[PDB]
Amino acid sequence: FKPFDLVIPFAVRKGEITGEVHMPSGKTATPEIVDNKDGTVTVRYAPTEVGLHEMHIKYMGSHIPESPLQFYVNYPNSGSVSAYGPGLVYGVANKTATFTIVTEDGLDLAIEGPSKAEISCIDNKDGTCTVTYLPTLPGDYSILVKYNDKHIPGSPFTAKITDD
């Protein structure tokens, strides 16, 4: 299972940053959270279930603005199409947001939220391509990925764009 790894720009001070991942079964687990003493923290988690997970991050008991987040965990042994990367989950407004589509196996992409974002992918020639978008305004962005008039697993995705 591809690990969840994310840098969030939240500056931890006197309070404790905590987290909770909710799995599709109903099980909860605690992600690993590391304060990079510096304006940020890093959240990591190793999935054991397939599909849509919720990540909650809190500071002093209360959700950060960047929280809750959604992420979709692909089945590894699965051939056929997939997407993954931080731009499906979270980004900062006016910084670049990126994810990967795997196509080692007709691709339709749209990104729609607060501001007009016009995706195009760039083929890595390694059976994957890389989408990068510029969400200029903060909000919730829906990212639609289809392979044959059909949503791939996780599509449409929702990525949360903040600025702090």
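Looking only at the stretch 49-100, which residues are crowded, with 16+ Cβ neighbours inside 10 Å, over 15 Å from the mean Cα position of the chain (by Cα) and either aromatic (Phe, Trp, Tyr) or under 20 Å from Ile122 (Cβ atoms) (or both)?
Result: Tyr59, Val81.
Name every residue in the stretch 8-23 that is within 22 Å of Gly51 (Cα to Cα) and buried (at least 16 other Cβ atoms within 10 Å of the Cβ), in order of residue number. First the steps, then the outcome.
Initially, the stretch 8-23 is screened for residues within 22 Å of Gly51 (Cα to Cα), giving 19-23.
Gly19, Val21, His22, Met23 - these are the residues of the stretch 8-23 that are within 22 Å of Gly51 (Cα to Cα) and buried (at least 16 other Cβ atoms within 10 Å of the Cβ).
Listed here are the residues, each with its yes/no results for (1) out of contact with any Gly (no Cβ under 7 Å at 6 or more places or on another chain); (2) within 20 Å of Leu137 (Cβ to Cβ).
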{"site": "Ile8", "(1), (2)": "yes, yes"}
{"site": "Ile33", "(1), (2)": "no, no"}
{"site": "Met60", "(1), (2)": "no, no"}
{"site": "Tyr72", "(1), (2)": "no, no"}
{"site": "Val89", "(1), (2)": "yes, yes"}
{"site": "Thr98", "(1), (2)": "no, yes"}
{"site": "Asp105", "(1), (2)": "no, no"}
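Go over the candidates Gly85, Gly106, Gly51 one by one and state the one that is small (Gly, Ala, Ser) and in the same structural domain as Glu16 (by CATH). Full working, then the answer.
Details: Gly85 fails: in the same structural domain as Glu16 (by CATH); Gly106 fails: in the same structural domain as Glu16 (by CATH).
Only one candidate passes the filter, namely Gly51.
Which ones in the stretch 127-152 are over 24 Å from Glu66 (Cα atoms) and of a type outside the set (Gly, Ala, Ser)? Write out each step before concluding.
Residues of the stretch 127-152 over 24 Å from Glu66 (Cα atoms): 127-129, 146-152.
Hits for the stretch 127-152 are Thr128, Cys129, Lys146, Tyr147, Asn148, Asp149, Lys150, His151, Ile152.
In the list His63, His56, which residue meets the criterion of being out of contact with any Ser or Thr (no Cβ under 9 Å at 6 or more places or on another chain) and not assigned by CATH to the domain that holds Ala159?
Values: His56 fails: out of contact with any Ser or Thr (no Cβ under 9 Å at 6 or more places or on another chain).
Checking each option against the conditions leaves just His63.
Would you call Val34 among the β-branched types (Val, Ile, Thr) and buried (at least 19 other Cβ atoms within 10 Å of the Cβ)? Quick ask: steps written out before the conclusion?
Numbers: among the β-branched types (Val, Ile, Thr): yes; buried (at least 19 other Cβ atoms within 10 Å of the Cβ): no.
When the stated conditions are applied, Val34 does not pass them.
Residues of the stretch 9-28 being of a type outside the set (D, E, K, R) and closer than 26 Å to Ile152 by Cβ, which ones? Reasoning before the result, please.
Taking the stretch 9-28 first, the residues of a type outside the set (D, E, K, R) are 9-12, 15, 17-19, 21-26, 28.
Matches in the stretch 9-28: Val21, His22, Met23, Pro24, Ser25, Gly26.
Considering the stretch 49-92 alone, what residues qualify as being over 17 Å from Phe157 (Cα atoms) and outside any strand (DSSP E or B)?
Residues satisfying the conditions are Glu49, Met60, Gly61, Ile64, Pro65, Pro76, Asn77, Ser78, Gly79, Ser80.
Test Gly26 against the stated conditions and say whether it is exposed (fewer than 11 other Cβ atoms within 10 Å of the Cβ), part of a loop (DSSP other than H, G, I, E, B) and in the same structural domain as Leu137 (by CATH). Explain how you work it out, then say what you get.
Details: exposed (fewer than 11 other Cβ atoms within 10 Å of the Cβ): yes; part of a loop (DSSP other than H, G, I, E, B): yes; in the same structural domain as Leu137 (by CATH): no.
No, not satisfied.
Just to be sure I understand, how many residues within the stretch 123-164 are under 17 Å from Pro86 (Cα atoms) and part of a strand (DSSP E or B)?
19
Filter the stretch 108-122 down to residues that are loosely packed, with under 11 Cβ neighbours inside 10 Å and assigned to a loop (DSSP other than H, G, I, E, B), then give me how many there are.
2
Note that we place each Cβ from the backbone using ideal geometry, even for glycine, and neighbour counts take in every protein chain shown. Numbers and lists here come from the model and the stated rules, or from a named source; nothing here is a laboratory result.
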